[PDB]
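Engineer: Can you keep this structure in mind? I'll have questions shortly.
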Amino acid sequence: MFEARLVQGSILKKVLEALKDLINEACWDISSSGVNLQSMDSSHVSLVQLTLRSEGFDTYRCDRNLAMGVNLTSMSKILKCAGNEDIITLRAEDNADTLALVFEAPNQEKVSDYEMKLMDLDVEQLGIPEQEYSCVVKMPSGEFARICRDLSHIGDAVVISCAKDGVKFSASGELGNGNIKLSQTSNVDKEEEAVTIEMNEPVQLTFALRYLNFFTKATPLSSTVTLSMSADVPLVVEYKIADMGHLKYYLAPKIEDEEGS
Amino acid sequence: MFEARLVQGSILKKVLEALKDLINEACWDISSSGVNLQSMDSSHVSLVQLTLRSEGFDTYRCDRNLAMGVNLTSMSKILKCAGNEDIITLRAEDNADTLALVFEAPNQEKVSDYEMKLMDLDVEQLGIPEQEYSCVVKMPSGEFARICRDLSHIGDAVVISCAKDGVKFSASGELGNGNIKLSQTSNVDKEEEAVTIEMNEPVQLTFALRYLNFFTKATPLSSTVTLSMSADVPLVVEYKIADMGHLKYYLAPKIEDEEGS
Amino acid sequence: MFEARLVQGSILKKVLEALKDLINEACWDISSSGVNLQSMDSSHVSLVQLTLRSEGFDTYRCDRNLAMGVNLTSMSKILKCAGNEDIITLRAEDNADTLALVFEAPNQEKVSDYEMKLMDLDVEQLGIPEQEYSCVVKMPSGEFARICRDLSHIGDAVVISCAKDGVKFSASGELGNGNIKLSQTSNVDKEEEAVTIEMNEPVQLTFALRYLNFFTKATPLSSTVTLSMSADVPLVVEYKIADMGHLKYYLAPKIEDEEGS
Amino acid sequence: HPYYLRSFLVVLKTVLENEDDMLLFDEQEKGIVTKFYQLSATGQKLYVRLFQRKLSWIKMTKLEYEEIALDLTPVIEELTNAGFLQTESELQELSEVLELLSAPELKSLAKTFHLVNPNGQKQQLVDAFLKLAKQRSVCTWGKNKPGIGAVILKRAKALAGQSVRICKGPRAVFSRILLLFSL
DNA sequence: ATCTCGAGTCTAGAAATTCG
DNA sequence: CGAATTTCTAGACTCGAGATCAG
């Protein structure tokens with residue numbers, strides 16, 4: 001029987017909000033290591049991964065590895081009902097088909113108990129080979145969200161072309177063409193304002209802006225996006241879930257020949 | 001000649017906001033003791049009442065008993081145009097079909113004079129028979145509103161179990177079922193925190209959640225909401241309008257056989 | 001070539017927000033004196049004037065007079081993407097083919113570059129005359145916006161009449177008739193929170209509420225709005241653009257039909 | 001005579017000719033067709049069209065038959081008293097009224113009664129409305145028997161307006177002749 | 001050949017969350 | 001704590017889907 005007690009319900013609320021508009025069914029792989037997820041999107045373009053180490057949960061216990069097919073929209077709707085400071089207590093028992101969420105108010109005056117209905121999903125595993133990237137940038141999440149939102153109004157395909165002084169989030173469209181450019185900073189006391197870029201080889205790619213706008217819904221999770229890209233390799237957008245895990249988004253770069261026609 | 005000078009316009013604004021989304025027309029009964037509204041709902045299942053007393057009004061004068069049919073939507077639209085610090089001065093001439101609203105200002109530099117066209121309504125007199133109630137529950141209005149809003153997502157019917165260990169709501173739908181329970185308050189002396197429950201006989205009923213959501217629109221009126229119900233009698237939801245009166249709602253419990261279909 | 005460096009981008013943002021819902025295409029008569037814009041609206045009922053003196057800009061260089069016919073909706077769309085603390089650097093080459101915007105940031109760490117496609121338009125210059133006015137009223141912009149918004153809920157015919165001690169805005173719809181009177185006060189030291197009326201002869205006019213609601217979109221530009229009118233002369237609504245220039249709105253009075261007969 | 005009528009009159013003529021046809025019909029079955037004959041040319045043609053249409057309620061505003069009469073109301077009364085037609089006065093079933101209403105009209109009624117999904121399809125609204133008639137009421141009408149569906153009926157009938165339907169009696173009896181012609 | 005209809009699709013305005 | 005913002009929702013728009021038909 002599986003029981004997890006997470007003190008910070010805001011983390012789960014934000015995760016479910018981030019995943020609600022991109023994935024509808026997921027295969028929650030639960031092991032002794034911790035909660036895991038891997039389910040490429042319904043449009044079959046973008047891949048999403050999630051990890052939650054067991055050390056993060058205040059109380060964790062699991063005997064046998066499981067596999068839960070949960071409707072993400074229903075889970076998001078259920079989690080929206082929970083408050084911002086409750087203690088989520090996910091629990092599944094034996095071989096039932098019910099997910100039992102329990103929310104406890106901090107003042108022990110209101111205990112909410114909810115129950116779900118599991119569904120069977122085919123366990124499809126997609127290989128994730130580790131490799132080395134060319135352009136790796138660590139930069140504030142709010143800046144990335146603002147850049148994507150601003151460029152969504154002009155065009156629909158950014159051209160990330162990491163340059164000598166910094167990134168070059170250019171675009172194009174019928175209205176015109178916006179060439180945004182942040183300047184590299186190193187002498188910053190805090191790490192929330194670092195825009196450090198590490199290069200080995202030059203890079204220049206193309207991506208769909210709708211998928212980037214979908215990706216940036218996970219801004220509240222952290223404040224340091226870690227865009228890592230290289231030649232003919234899917235882009236990796238990674239956030240740090242406090243000290244619990246990471247939420248990586250995979251997006252294959254668009255083909256320049258597609259824009260020709 | 002009717003002339004009522006009410007210093008707090010916010011009370012009237014809140015009352016009209018509460019009554020605007022549930023009621024279209026009402027019989028604005030007036031007398032020498034204060035406004036006594038008693039109107040209907042279109043679906044013919046919920047009954048509302050209002051008992052604005054006379055001592056609360058700063059100045060009151062009423063020569064003869066009057067009955068007015070005022071379009072509630074129109075009155076709500078007119079009241080929305082007034083700020084939350086004006087001095088409403090409802091006044092109606094004898095058989096003139098005009099409800100001359102007058103809004104003053106705290107800085108006496110801008111006054112507003114309005115007029116409305118009265119309507120002819122078939123005054124149906126209903127005599128509410130007073131009766132004893134088994135379960136009497138009073139709790140903060142915010143908690144009740146949040147509970148109803150949370151349970152609206154899951155299902156549509158709420159099974160209130162007025163148990164002596166703590167009121168326990170329950171709703172079951174296609175997405176699952178979720179039950180929320182509270183606990184009695186013993187040490188908190190604040191009136192906006194007590195969850196005191198009164199018992200004479202255990203009860204268990206079922207009501208439509210849409211009507212409860214409509215009822216909870218009067219939350220800003222007062223912090224404490226009183227619930228009274230018994231076996232096979234309508235539920236009474238009562239809000240106290242300061243020292244000026246009260247606002248009661250009525251709802252017909254669902255039949256158990258209705259859930260069979 | 002034309003280059004204008006404006007420290008306060010919020011002024012341009014507010015101006016474009018004001019002009020976006022009333023005028024679609026306009027001609028910017030650029031000269032050494034400053035920026036000019038006269039363009040009757042699409043419905044050909046109201047006229048909009050604008051002037052920004054060259055001394056207002058931090059840096060200004062205009063060798064020759066041009067006429068940039070640009071799309072107002074697209075300009076508003078681009079300008080919305082800029083922050084409220086940027087340093088806009090509108091630029092255009094002597095070969096009039098494109099408009100460049102060089103949005104910056106206060107931290108000189110992120111710059112934005114944009115381009116636009118100009119259009120060729122028939123510059124129909126209308127020479128407005130300079131006439132005196134009978135009733136001139138200056139009063140806070142917030143009060144005017146609130147009055148227009150409140151009256152829009154009743155009818156579509158405002159009957160202004162400078163009464164003995166202030167204005168007498170009067171609407172008359174099917175629901176009722178609402179009279180609003182402002183008390184003339186001048187003893188207040190704060191001239192922003194003052195209403196001053198100067199009479200030369202009595203006047204009573206009529207106007208359309210939709211156009212007044214459209215006009216009131218320029219509220220954040222300035223706190224005080226000046227109204228001037230006379231017999232059979234269009235109403236003048238003037239907003240002072242800080243210390244740079246002014247933004248005038250024109251509206252021909254409604255023709256009072258022989259409804260009494 | 002309009003084209004559909006003479007071919008229609010042919011059916012009655014030959015059937016009334018052969019002596020074996022009326023042997024399966026009783027006296028009142030021969031009397032109802034007799035009442036058809038004594039109807040006027042205007043009255044007879046009106047019953048022709050509604051025979052070929054599906055058996056359902058039809059709004060009065062939806063018949064535009066300029067070839068017979070610009071104003072059909074005097075003609076409808078002629079069939080109304082004869083028993084060939086029935087008017088909305090006999091329309092008492094809730095289900096019949098709800099399907100009679102148009103798609104946008106039903107949506108407006110749903111908004112007034114605060115339905116769960118006011119912007120659903122026509123079929124989902126009808127069952128919800130029919131289900132709503134089974135709910136209880138409050139002291140608003142006392143409590144002897146809910147009868148809330150009666151409240152819906154009066155509101156729905158006013159929305160629907162005037163309507164008529166072919167009476168089954170004349171319909172069933174008159175449907176019994178055209179088939180034996182096909183043999 | 002004639003006709004109505006309902007159903008999916010897209011905007012602009014009202015309401016809830018948040019930042020200042 | 002009001003204004004601005006984003007998001008959710010009512011309303012109008014365009015088009016596929018019945019119903020009838022004539023032989």
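Identifiers in the structure tokens: chain A, B, ... in order shown; residue index from 1 per chain; ligand index from 1 in order shown.
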So that I can check the surroundings of residue 6 (chain F), please list as a VMD selection string every protein, DNA and RNA residue that reaches within 12 Å of it, counting only C-alpha atoms (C1' of nucleotides) and ignoring chain neighbours fewer than 4 positions away.

Structural biologist: chain E and resid 15 to 18

Engineer: Restrict the selected residues to N, CA and C atoms (P, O5', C5', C4', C3', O3' and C1' of nucleotides) and save them as a PDB file, in the first residue's frame.

Structural biologist:
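Output saved as out.pdb:
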```pdb
ATOM      1  P    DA E  15     -19.621  40.230 -12.843  1.00  0.00           P
ATOM      2  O5'  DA E  15     -18.503  39.210 -12.328  1.00  0.00           O
ATOM      3  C5'  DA E  15     -18.667  37.812 -12.537  1.00  0.00           C
ATOM      4  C4'  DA E  15     -17.399  37.054 -12.182  1.00  0.00           C
ATOM      5  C3'  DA E  15     -16.807  37.383 -10.814  1.00  0.00           C
ATOM      6  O3'  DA E  15     -16.255  36.209 -10.235  1.00  0.00           O
ATOM      7  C1'  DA E  15     -15.220  37.856 -12.484  1.00  0.00           C
ATOM      8  P    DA E  16     -16.158  36.057  -8.640  1.00  0.00           P
ATOM      9  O5'  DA E  16     -14.699  35.445  -8.407  1.00  0.00           O
ATOM     10  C5'  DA E  16     -14.335  34.225  -9.038  1.00  0.00           C
ATOM     11  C4'  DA E  16     -12.827  34.119  -9.186  1.00  0.00           C
ATOM     12  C3'  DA E  16     -12.027  34.434  -7.924  1.00  0.00           C
ATOM     13  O3'  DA E  16     -10.936  33.536  -7.812  1.00  0.00           O
ATOM     14  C1'  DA E  16     -11.366  35.890  -9.668  1.00  0.00           C
ATOM     15  P    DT E  17     -10.221  33.301  -6.393  1.00  0.00           P
ATOM     16  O5'  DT E  17      -8.694  33.669  -6.679  1.00  0.00           O
ATOM     17  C5'  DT E  17      -8.013  33.054  -7.763  1.00  0.00           C
ATOM     18  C4'  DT E  17      -6.712  33.774  -8.059  1.00  0.00           C
ATOM     19  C3'  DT E  17      -5.949  34.261  -6.824  1.00  0.00           C
ATOM     20  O3'  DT E  17      -4.627  33.739  -6.843  1.00  0.00           O
ATOM     21  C1'  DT E  17      -6.137  35.991  -8.444  1.00  0.00           C
ATOM     22  P    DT E  18      -3.578  34.131  -5.691  1.00  0.00           P
ATOM     23  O5'  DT E  18      -2.791  35.372  -6.314  1.00  0.00           O
ATOM     24  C5'  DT E  18      -2.333  35.313  -7.659  1.00  0.00           C
ATOM     25  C4'  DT E  18      -1.609  36.589  -8.039  1.00  0.00           C
ATOM     26  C3'  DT E  18      -0.751  37.194  -6.929  1.00  0.00           C
ATOM     27  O3'  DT E  18       0.462  37.681  -7.474  1.00  0.00           O
ATOM     28  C1'  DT E  18      -2.305  38.791  -7.681  1.00  0.00           C
TER      29       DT E  18
END
```

Engineer: Do a neighbour search on residue 159 (chain D) at 9 Å with only C-alpha atoms (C1' of nucleotides), toss out local chain neighbours closer than 5 positions, and write the hits as JSON, numbers by chain.

Structural biologist: {"D": [101, 105, 109, 154]}

Engineer: Work out how far CA of residue 201 (chain C) is from CA of residue 186 (chain C), in Å to one decimal.

Structural biologist: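 CA of residue 201 (chain C) lies at a distance of 20.4 Å from CA of residue 186 (chain C).
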
Engineer: Hey, list the chain C side of the contact with chain A: 7 Å cut-off, only C-alpha atoms, answer as an MDAnalysis selection string.

Structural biologist: chainID C and resid 81 109:117

Engineer: Mind dumping the selected residues with N, CA and C atoms as a compact mmCIF listing (two decimals), in the first residue's frame?

Structural biologist:
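Saved the output as result19.txt:
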```txt
# COMPACT_ATOMS: atom_id res chain seq x y z
N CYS C 81 3.39 45.44 -25.61
CA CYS C 81 4.45 44.52 -25.23
C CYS C 81 5.58 45.19 -24.46
N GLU C 109 20.12 46.11 -19.18
CA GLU C 109 20.49 44.71 -19.31
C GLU C 109 19.67 43.96 -20.36
N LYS C 110 18.66 44.59 -20.94
CA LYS C 110 17.81 43.92 -21.92
C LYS C 110 17.18 44.98 -22.81
N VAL C 111 17.50 44.93 -24.10
CA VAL C 111 16.95 45.86 -25.07
C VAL C 111 16.06 45.08 -26.03
N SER C 112 15.10 45.79 -26.63
CA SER C 112 14.18 45.19 -27.57
C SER C 112 14.15 46.04 -28.84
N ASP C 113 14.16 45.37 -29.98
CA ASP C 113 14.11 46.04 -31.28
C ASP C 113 12.90 45.52 -32.04
N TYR C 114 12.16 46.43 -32.66
CA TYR C 114 10.98 46.08 -33.44
C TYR C 114 11.00 46.85 -34.75
N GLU C 115 10.26 46.34 -35.72
CA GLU C 115 10.12 47.00 -37.01
C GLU C 115 8.66 46.99 -37.42
N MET C 116 8.29 47.97 -38.24
CA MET C 116 6.92 48.13 -38.70
C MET C 116 6.88 48.41 -40.19
N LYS C 117 5.75 48.08 -40.80
CA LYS C 117 5.49 48.37 -42.20
C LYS C 117 4.57 49.58 -42.29
```

Engineer: From a backbone DSSP assignment, name each residue in region 89-203 of chain A labelled helix (DSSP H, G or I), as a list in words.

Structural biologist: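 Helix (DSSP H, G or I) members of region 89-203 of chain A, listed: residues 141, 142, 143, 144, 145, 146, 147, 148, 149, 150, 151, 152, 153 and 154 of chain A.
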
Engineer: Using only C-alpha atoms (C1' of nucleotides), I'd like every residue of chain D that has an atom within 12 Å of chain E; please write them out as number ranges by chain.

Structural biologist: D: 62, 102-104, 119-123

Engineer: Only C-alpha atoms, please: the residues just picked out, written as a PDB file, in the first residue's frame.

Structural biologist:
```
ATOM      1  CA  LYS D  62     -44.977  27.985 -39.778  1.00  0.00           C
ATOM      2  CA  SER D 102     -37.373  25.724 -31.240  1.00  0.00           C
ATOM      3  CA  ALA D 103     -33.732  25.366 -30.234  1.00  0.00           C
ATOM      4  CA  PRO D 104     -33.137  29.018 -29.155  1.00  0.00           C
ATOM      5  CA  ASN D 119     -26.252  25.953 -23.357  1.00  0.00           C
ATOM      6  CA  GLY D 120     -26.558  22.246 -24.158  1.00  0.00           C
ATOM      7  CA  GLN D 121     -28.171  20.545 -27.112  1.00  0.00           C
ATOM      8  CA  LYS D 122     -31.931  20.310 -27.551  1.00  0.00           C
ATOM      9  CA  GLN D 123     -32.133  16.650 -26.526  1.00  0.00           C
TER      10      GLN D 123
END
```

Engineer: Hey, can you check how far CA of residue 90 (chain D) sits from CA of residue 140 (chain D)?

Structural biologist: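 A separation of 27.6 Å between them.
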
Engineer: May I ask for the distance between CA of residue 106 (chain A) and CA of residue 139 (chain B), given in Å to one decimal place?

Structural biologist: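 Separation between CA of residue 106 (chain A) and CA of residue 139 (chain B): 18.3 Å.
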
Engineer: Name all residues at most 10 Å from residue 83 (chain B) (count only C-alpha atoms (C1' of nucleotides); drop same-chain ones fewer than 4 positions away) and give them as a list in words.

Structural biologist: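 Counting only the stated atoms, we get residues 9, 10, 13, 79, 87, 103, 104 and 105 of chain B.
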
Engineer: Those same residues - N, CA and C atoms - I'd like them written as a PDB file, in the first residue's frame.

Structural biologist:
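Output below, filename again25.pdb:
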```pdb
ATOM      1  N   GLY B   9     -25.058  53.110   2.440  1.00  0.00           N
ATOM      2  CA  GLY B   9     -25.503  52.566   1.170  1.00  0.00           C
ATOM      3  C   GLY B   9     -24.951  51.194   0.856  1.00  0.00           C
ATOM      4  N   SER B  10     -23.864  50.803   1.524  1.00  0.00           N
ATOM      5  CA  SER B  10     -23.265  49.500   1.267  1.00  0.00           C
ATOM      6  C   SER B  10     -24.217  48.368   1.620  1.00  0.00           C
ATOM      7  N   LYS B  13     -26.586  48.050  -1.238  1.00  0.00           N
ATOM      8  CA  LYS B  13     -25.861  47.498  -2.378  1.00  0.00           C
ATOM      9  C   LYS B  13     -25.691  45.990  -2.234  1.00  0.00           C
ATOM     10  N   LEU B  79     -28.354  50.711  -8.438  1.00  0.00           N
ATOM     11  CA  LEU B  79     -27.549  50.712  -7.221  1.00  0.00           C
ATOM     12  C   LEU B  79     -26.070  50.487  -7.496  1.00  0.00           C
ATOM     13  N   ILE B  87     -25.350  58.108   0.589  1.00  0.00           N
ATOM     14  CA  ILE B  87     -26.461  58.116   1.533  1.00  0.00           C
ATOM     15  C   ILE B  87     -27.733  57.910   0.723  1.00  0.00           C
ATOM     16  N   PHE B 103     -28.838  59.754  -4.176  1.00  0.00           N
ATOM     17  CA  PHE B 103     -27.542  59.436  -3.591  1.00  0.00           C
ATOM     18  C   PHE B 103     -26.796  60.734  -3.323  1.00  0.00           C
ATOM     19  N   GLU B 104     -26.435  60.962  -2.068  1.00  0.00           N
ATOM     20  CA  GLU B 104     -25.619  62.110  -1.707  1.00  0.00           C
ATOM     21  C   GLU B 104     -24.150  61.692  -1.687  1.00  0.00           C
ATOM     22  N   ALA B 105     -23.282  62.574  -1.207  1.00  0.00           N
ATOM     23  CA  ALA B 105     -21.861  62.285  -1.141  1.00  0.00           C
ATOM     24  C   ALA B 105     -21.309  62.692   0.216  1.00  0.00           C
TER      25      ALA B 105
END
```

Engineer: Would you return as a ChimeraX atom specification the members of region 51-186 of chain C that DSSP assigns to strand (DSSP E or B) on this structure's backbone?

Structural biologist: /C:51-53,59-62,66-71,88,91-92,98-101,110-117,119,135-140,158,161,163,166,168-172,177-182,185

Engineer: For residue 126 (chain A), find every residue with an atom within 10 Å (counting only C-alpha atoms (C1' of nucleotides)), except residues of its own chain fewer than 3 positions away, and show them as a list in words.

Structural biologist: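 Here the qualifying residues turn out to be residues 38, 39, 40, 47, 123 and 129 of chain A.
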